[PDB]
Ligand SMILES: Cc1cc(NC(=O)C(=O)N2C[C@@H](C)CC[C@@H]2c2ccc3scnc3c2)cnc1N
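To begin, one chain is listed below as structure tokens, in the form solved without this ligand.
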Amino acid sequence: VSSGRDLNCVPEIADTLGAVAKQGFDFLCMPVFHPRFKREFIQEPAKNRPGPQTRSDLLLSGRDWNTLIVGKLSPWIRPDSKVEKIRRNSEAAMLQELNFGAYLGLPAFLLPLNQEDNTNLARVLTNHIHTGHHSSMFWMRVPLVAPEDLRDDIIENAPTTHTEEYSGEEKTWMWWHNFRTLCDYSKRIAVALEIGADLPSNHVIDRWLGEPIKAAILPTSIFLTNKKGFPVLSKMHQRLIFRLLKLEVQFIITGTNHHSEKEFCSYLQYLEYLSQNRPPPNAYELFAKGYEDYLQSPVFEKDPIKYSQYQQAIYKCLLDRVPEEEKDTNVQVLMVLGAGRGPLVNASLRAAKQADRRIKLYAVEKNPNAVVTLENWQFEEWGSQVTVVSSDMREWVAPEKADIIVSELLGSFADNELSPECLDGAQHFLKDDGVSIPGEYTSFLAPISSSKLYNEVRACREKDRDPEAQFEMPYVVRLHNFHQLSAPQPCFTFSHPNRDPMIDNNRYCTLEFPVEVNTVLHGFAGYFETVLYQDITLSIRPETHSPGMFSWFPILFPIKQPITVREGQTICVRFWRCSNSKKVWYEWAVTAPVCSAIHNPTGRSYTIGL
């Protein structure tokens, strides 16, 4: 566990850092200038105060400042104070403390969010960020519950607000939201979430899903005392620690030792005890460990579950097409479209031996690089049973019509998004009673909230192209720090073979998503369900997800501008699957609660080459 110690009192910088390192802390959160040292910059004679203003930078090595010390803004600095004199002094002091932090080369600086108005605090910080490009981080100290809603009910004439306040309990998230909106979603500004004695309602903690949390501040006061006499945490407090550990945040310990009979190391020992006693990561979690939240613009042989289903689908199709009395006289002609390296071809052969039936295989692949792998396979192992087809399928005439056409939906050798158009142009060399594998597939859409992902898409602005083209294109992404706002609904379905007189792959779907929580819409997550044969299916939809299928990740359709969504409101999405004669593209827009621009019109930012 990466952890740090928060101290507002450091008399000897060399001795204090050595003491916290002995306890097992990786870093130290300390003030760069004395917290009580109130400076004057405008009024005399306090303006001409003889120096130094703080401790020398030579008291620690450059390596120690860059890895072991996290900056802390002085508590007296109030840039949004109602007094003009305090406002101007805090402005000059904030710059003085921030510039000193950059002079030391600190990896992170702590600034507090303890009120509704932090506009001038945002203005001064944004100016410091735009004055020379740097990698220095800024951790915003925000509690889960405001201290006004945390106070003891001991004031006689002014008692605590006992009434229900759904939006009032989420006021702390709005302090952070308004601040980062003012700073124009800067990647250098993160959340240092402070956990109160009594946790708020689950909906308040759910607002922080998809937020850039880099630190978790845990005070000594929230720690309970066990039967032995050691610092522990409640089951509800432990639940949040397991959630925060998955987000890979840096847990910070603040306040004096309340369990005085045991040293500060006991507080850290419990956090390291929780990480060693957490639920084990599954095959899906262990596969994509470094691929978390990293979005790629639109490995496969390493998934055995995927081809096991294809093998079972062909095995079930063969038995249903040829009875036990015809297991030698009737030969089933199978056509593998987009054969690639031959995993679907091998799965087709394994199924024939399992069903004990006669098969004639045709490995179709346009990519000549993959044809080398197939032709080496059909000479060293397969033989006369498999006939590799590298010719242009539109010109090439089949010796006989196929019984079963087997293909993959997504893959490096598959046609991915162009699966309907390619299967429609392949059903001509298929028999009248012919079966297609997969026979059917449905796409699913779900509204998501992720301020972290929106900022990652925002960072994808490239030169020599539209400055908003990054929002008008889908992304393959491992959905980690995000929040699904509503249950995924079916968008469009395709069936193969399609014996329709007028085959049109153009689609237009309208989906209404009911949202029972206050949130901010950042985009839409795309999933899919596919029927290979009868009950045998493959799915990336979280509800019906195929166990151990890491080969396919969900797609993401982002929106140029985020949309505020209230409790009870409905998100209405309009999706278009557009198909021309030369290209195919996706167009999307939001109509409720507010209207958005039609994304990717005429496929200007994204198009799949037909």
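Residue positions are given as counts along the sequence shown, with the first one as 1. Between two forms, the rigid core is the largest collection of C-alphas that superpose within 1.5 Å.
* To do: Please figure out whether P298 and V299 are truly consecutive in the deposited sequence or have unmodelled residues between them, and give none, 1 to 3, 4 to 9, or 10 or more.
  => Gap between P298 and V299: 10 or more residues without coordinates.
* Compare the mean C-alpha B-factor of 254-262 with that of 134-142 as given in the PDB entry, and name the stretch with the higher value. => If you average the C-alpha B-factors of 254-262 and of 134-142, the larger mean comes out for 254-262.
* Taking the mean of the C-alpha B-factors per stretch from the entry, tell me the winner out of 264-272 and 447-455. => If you average the C-alpha B-factors of 264-272 and of 447-455, the larger mean comes out for 264-272.
* Between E440, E512, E325, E91, which carries the biggest CA temperature factor in the record? -> By C-alpha B-factor in the record, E325 ranks first.
* Asked: Which listed residue, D320, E97, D184, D464, has the largest C-alpha temperature factor in the record?
  -> That would be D320, according to the entry.
* Asked: Mind checking which third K214 falls in for C-alpha B-factor across the chain?
  -> Its C-alpha B-factor, which the entry lists for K214, ranks in the middle third among residues of this chain.
* **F33 - Cα temperature factor, lowest/middle/highest third of chain** => Answer is middle: the recorded C-alpha B-factor places it there.
* What third of the chain, by the recorded C-alpha B-factor, contains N282? -> Ranked within chain, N282 CA B lands in the highest tercile.
* Asked: So where's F550 on the chain's Cα temperature factor ranking, which third?
  -> Its C-alpha B-factor belongs to the highest third of this chain's values.
* **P200 by Cα B-factor - lowest, middle or highest third of the modelled chain** => Its C-alpha B-factor belongs to the highest third of this chain's values.
There is another form of the same protein, the form solved in complex with this ligand; it is not shown, and what comes next is about it.
* To do: Could you superimpose the pocket C-alphas so that this ligand sits on this ligand-free chain as it does in the deposited complex, and then tell me whether the site is open or blocked by the 2.4 Å backbone/C-beta test with a threshold of 3 atoms?
  => The pocket is blocked.
* Interface segment, criterion being heavy atoms within 4.5 Å of this ligand in the deposited complex, picked from 132-140, 169-177, 406-414, 184-192 -> Result of the contact check: 406-414.
* Contact test in the deposited complex: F287 vs this ligand, heavy atoms, 4.5 Å -> Yes, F287 sits close enough to this ligand in the deposited complex that at least one of its heavy atoms falls within 4.5 Å.
* Is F550 close to this ligand in the deposited complex, meaning a heavy atom pair under 4.5 Å apart or at it? -> Yes, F550 lies within 4.5 Å of this ligand in the deposited complex.
* Does any heavy atom of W76 come within 4.5 Å of a heavy atom of this ligand in the deposited complex? -> Judged by the heavy-atom cut-off of 4.5 Å, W76 is well away from this ligand in the deposited complex.
* Could you confirm whether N226 comes within 4.5 Å of this ligand in the deposited complex, counting heavy atoms only? => Residue-level check for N226: no, no contact with this ligand.
* May I ask you to choose, among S275, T329, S201, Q296, the residue with a heavy atom within 4.5 Å of this ligand in the deposited complex? => Looking at the other structure, the residue within range turns out to be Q296.
* Asked: So which of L319, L95, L104, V476 gets a non-hydrogen atom within 4.5 Å of this ligand in the deposited complex?
  -> The residue in contact is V476.
* To do: For the stretch 299-338, return the residues whose heavy atoms include at least one within 4.5 Å of this ligand in the deposited complex, in the order they occur.
  => Result: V299, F300, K306.
* **2 Å-or-more CA mover between this form and the one not shown, where superposition uses the core and the choices are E169, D415, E472, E529** => Single hit from the list, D415.
* Asked: Does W396 move its CA by 2 angstroms or more between this form and the one not shown when the core is aligned?
  -> Comparing the forms between this form and the one not shown, which are aligned on their rigid core, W396 does shift its C-alpha by 2 Å or more.
* **Comparison of CA distance in the deposited complex with shown form for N416, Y315, at least 3 Å** => Farther, not closer.
* Look at the CA atoms of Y315 and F413: state whether they lie closer or farther apart in the deposited complex than in this form, given a difference of 3 Å or more. => Their C-alpha distance grows by at least 3 Å in the deposited complex.
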